[PDB]
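Novice: Encoded as structure tokens, here's the structure I'll be asking about.
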Amino acid sequence: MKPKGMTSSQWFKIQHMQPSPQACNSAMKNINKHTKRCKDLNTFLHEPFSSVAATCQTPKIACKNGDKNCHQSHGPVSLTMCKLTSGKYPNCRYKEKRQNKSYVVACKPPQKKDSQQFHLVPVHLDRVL
């Protein structure tokens, strides 16, 4: 039923964590196994989910059309935009591009893995600014 061992922000930290995923090539490899396909593009952020968690506390914005569940960093964060360099789905290699911009990540209540309890863990990534 509901995930396990991979809280919402946890699944998104293996899919969008730059603190030290081991090269987008490998960071994306964990996604090709959970997606059985290489999304072709994957972005990551370089800030501890505890700091990104608090970063996701600044004013939000009507995500869909009034969801108000996104949160843009109050400044430029050393993020990393990885892209699929080439190879295919079972042999796709990515390149990590270290960029610095204020992005927008969405948040949700700590499922069950809750690294601590946050109450708005950094789950999705609305966009990069």
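Counting neighbours? That spans all protein chains shown, and the Cβs are built from the backbone with ideal geometry, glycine included. Laboratory data are not the source of any read-out in this text; all were calculated from the coordinates shown.
Novice: Loop only per DSSP, at most 11 neighbouring Cβ atoms within 10 Å: give me the trypsin sites (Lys or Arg not before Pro) in region 1-62, ordered by residue number.
Specialist: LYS4, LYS36
Novice: Here's something else I'd like to know. So what's region 37-129 giving for Cα Rg divided by 2.2 N^0.38 Å, two decimals?
Specialist: 1.17
Novice: Check which residues have an amide H placed less than 5 Å from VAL128's amide H, if you skip close sequence neighbours.
Specialist: Sorted by chain and number, the residues that satisfy this are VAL104.
Novice: Can you run phi through the Karplus equation (6.51, -1.76, 1.60; θ = phi - 60°) for region 7-12 and list ³J(HN,Hα) in whole Hz, with x for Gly and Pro?
Specialist: 2, 3, 4, 5, 4, 7
Novice: Here is a further query. So what is the relative contact order of the chain, in percent, for Cα pairs below 8 Å that sit 6 or more residues apart? Kindly include the intermediate steps, with their values, before the conclusion.
Specialist: On the way: 286 pairs, mean separation 37.3, N = 129.
Answer for the chain is 29 percent.
Novice: Using the Karplus equation 6.51 cos²θ - 1.76 cosθ + 1.60 (θ = phi - 60°), what ³J(HN,Hα) coupling, rounded to whole Hz, does each residue of region 76-86 give in order, writing x for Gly and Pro?
Specialist: Karplus-based 3J(HN,Hα) across region 76-86 equals x, 9, 5, 8, 9, 8, 8, 9, 6, 5, 2 Hz.
Novice: 5 Å is the cut-off here: which amide hydrogens, built 1.01 Å from N in the peptide plane, fall below it relative to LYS101, excluding neighbours closer than 5 in sequence?
Specialist: The list, which skips near neighbours in sequence, is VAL77, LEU79.
Novice: With the cut-off at 14 Å, report for region 56-109 the share of all Cα pairs above it, as a whole percent.
Specialist: 63
Novice: Skipping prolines and chain starts, which residues have an amide H placed within reach, meaning under 5 Å, of the one on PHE44, given they are 5 or more residues away or on another chain?
Specialist: Those lying under 5 Å, H to H, from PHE44 are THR80, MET81, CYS82.
Novice: Starting from region 68-129, pick out the trypsin sites (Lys or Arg not before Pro) whose DSSP state is loop and whose Cβ has at most 13 other Cβ atoms within 10 Å.
Specialist: Sparse-neighbourhood loop trypsin sites (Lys or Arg not before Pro): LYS68, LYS88, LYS112.
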